[PDB]
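Participant:
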Amino acid sequence: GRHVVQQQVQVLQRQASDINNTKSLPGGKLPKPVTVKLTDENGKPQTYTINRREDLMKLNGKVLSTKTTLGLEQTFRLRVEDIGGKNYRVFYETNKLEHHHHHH
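So the number in the working numbering is just where the residue sits in the sequence shown, counting from 1, plus 45.
#1: CA-CA distance, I95 and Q58?
#2: Would the beta-carbon of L104 fall within 8 Å of that of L75?
#3: Give me the Cα-Cα distance between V125 and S62, rounded to the nearest whole angstrom.
#4: Are the CB atoms of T120 and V135 within a distance shorter than 8 Å?
#5: Please report the Cβ distance between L101 and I64, rounded to the nearest whole angstrom; I am assuming they are in contact, meaning their Cβ atoms lie under 8 Å.
#6: Would you kindly check if the distance between the Cβ of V79 and the Cβ of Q53 is under 8 Å?
#7: Rounding to the nearest angstrom, what Cα-Cα distance links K89 and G73 in this structure?
#8: Determine the direct distance from the alpha carbon of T92 to that of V81, and round the result to whole angstroms.
#9: Starting from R59, trace the beta strand (DSSP E) in both directions and tell me its first and last residue.
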């Protein structure tokens, strides 16, 4: 359902936090790989292995689909951005229901 996205993206925001709080080996590679799992808009869970802090950027641009009862399946997009020296934050953008942003 929609909670798949809401859970996976939320935990990913925490994942980024872990990655961001974890020290990195020369190059920006991470001590220990983290498994992040996103379900694409077609409904297939893809498991990404974060071996470097920069792997967070791989997730930016990911598309999710949200199936909700009493509504419709909306397209959600995974967005990650830089906040510091190889430090990235995660959130989700929804262009299907725009309250302030307009598509360019």
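The beta carbon of each residue, even a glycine, is placed where N, CA and C say it ideally should be.
Facilitator: In short:
#1: 13 Å
#2: no
#3: 12 Å
#4: no
#5: 6 Å
#6: No, the Cβ-Cβ distance between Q53 and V79 is not below 8 Å.
#7: Distance between the alpha carbons of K89 and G73: 29 Å.
#8: Computed Cα separation, rounded: 6 Å.
#9: Element bounds for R59: not the beta strand (DSSP E) but the alpha helix (DSSP H), 48-66.
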